[PDB]
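Only one chain is shown below, in structure tokens, and it's the form deposited in one PDB entry.
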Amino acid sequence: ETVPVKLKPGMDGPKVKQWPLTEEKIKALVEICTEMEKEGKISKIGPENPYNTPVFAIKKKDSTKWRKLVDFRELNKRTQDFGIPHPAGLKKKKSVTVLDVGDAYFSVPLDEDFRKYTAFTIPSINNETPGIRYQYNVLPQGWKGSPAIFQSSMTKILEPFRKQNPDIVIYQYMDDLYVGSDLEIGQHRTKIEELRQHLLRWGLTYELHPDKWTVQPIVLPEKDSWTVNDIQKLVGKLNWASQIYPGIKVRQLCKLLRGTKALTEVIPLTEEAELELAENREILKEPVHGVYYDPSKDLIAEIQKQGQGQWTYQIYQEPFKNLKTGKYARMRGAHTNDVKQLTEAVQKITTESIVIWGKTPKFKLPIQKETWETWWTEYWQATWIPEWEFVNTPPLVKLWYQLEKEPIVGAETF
């Protein structure tokens, strides 16, 4: 049976435009939809319905098949409110595994009156054919009202695995389920299979390690001998940093820069000047005091391209008061594709974000809107989609965070 569902007060359904798709993705979506239509999950619609929501075809590993992905972001926002207080312990497991329980939704019908607002469009090449308009009859993956309306059903199906394995956390998010336990690499995976298998007898079918995540500090350089330029750069970095650690001081150091000498000229560090730097280093040995995650404010994720495939990002809600920060190195096979690295990094941060505060951050992307909107989808693999805005990276932010510390040698992964 269907529960009544409404939009928020005075909020009208989404009328978002469909981006063009490649032939292969259209062909795939058409196939995927003819079947859902056959299966009664969606139905074609008329011109009387003015609503529309973006759709595309993605394809995660272990697949020759395409997955259909509707961007219900706009709709989700307009969808009334109704979830769990998030398992604060999730961010502690030695290894968490993600599960796509998205199919466990077509089972449940969608309130008849809300159907219109799920209208989507399968585009046509060269506009040779008008779109194939549809709308859902069931709960659609990617919509926020789904995991909710299907909560209880998910509750009942999980318990049995939960009690047999109380040392394993089950947190849900959108079409996803995050399973984290401390069993060894093998004893852990065999457990997922048991949970999946259990999940398998219904209609549901990523391995991270939260306790490994460590917020690295900032490390100021320690040159053999310092040049005027060396100091000027250090002072700038340190001076900007003042905004985060008011105790950081550049007084003495800045006094060694009261000369119109060569940029390459080496300058002797006065004793006082070394104390100053020593203290700054101290101040920079730990995250600033007072940072508390507020669940009543938006989580903000900002990224900077450090070049060479490296990226840095900070998760925060208030300026300069970071909840988390990190460096991301591109994956094998992306040497020549900023967009791929970006979406990947964006997916990781989101994933990490989900694990920690159980919600996605609004992202600030160092990319042009046109460049992003044209290719992100080609490398997207997650079932959810975060919010984002495109921005110009400020020169110093990048200079300050590429400064973070890295492994002594690596991971020694034999």
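So that there is no doubt, residue numbering starts at 1 and follows the sequence shown.
Is it the case that at least a third of the other compared entries omit residue 362, given both of its neighbours are modelled there?
In all of the other entries, residue 362 has coordinates.
With neighbours modelled on both sides, does residue 332 go without coordinates in a third or more of the other PDB entries compared?
Comparison shows residue 332 dropped in at least a third of the other entries.
Select one of none, 1 to 3, 4 to 9, or 10 or more to describe the deposited residues without coordinates separating residue 213 and residue 214.
Gap between residue 213 and residue 214: none, chain continuous.
Residues with no coordinates between residue 205 and residue 206 in the deposited sequence, how many: none, 1 to 3, 4 to 9, or 10 or more?
10 or more residues lack coordinates between residue 205 and residue 206.
Mind pulling up the entry and telling me whether 116 to 124 or 264 to 272 has the higher mean Cα temperature factor?
According to the PDB entry, the answer is 264 to 272.
Greater mean Cα temperature factor according to the PDB record, 273 to 281 or 92 to 100
The stretch with the larger average C-alpha B-factor is 92 to 100.
Just the C-alpha B-factor column, please: which of 300, 250, 139, 200 has the biggest number?
Of the options given, 200 has the highest CA B-factor in the PDB entry.
Say you rank 328, 106, 178, 72 by Cα B-factor from the PDB entry; which sits at the top?
Spelled out: the listed residue with the top C-alpha B-factor is 106.
Ranking the modelled residues of this chain by C-alpha B-factor as given in the entry, is residue 129 in the lowest, middle or highest third?
It belongs to the middle third of the chain when residues are ordered by C-alpha B-factor.
Sorting the chain's modelled residues by C-alpha B-factor, tell me whether residue 229 ends up in the lowest, middle or highest third.
Answer is middle: the recorded C-alpha B-factor places it there.
Using only modelled residues of the chain, where does the Cα B factor of residue 21 rank: lowest third, middle third or highest third?
It falls in the bottom third of the chain.
Among the modelled residues of its chain, does the C-alpha B-factor of residue 293 lie in the lowest, middle or highest third?
For residue 293, whose C-alpha B-factor we compare with every modelled residue in the chain, the answer is the middle third.
For the chain shown, is the CA B-factor of residue 353 in the lowest, middle or highest third of its modelled residues?
Middle third.
The same protein has a further form, the form deposited in another entry, not shown here; the description that follows concerns it.
Considering the turn of one rigid part against another between the shown form and the other one, what in 149, 217, 384, 27 is at the hinge?
Checking the domain motion between the shown form and the other one, the hinge sits at 217.
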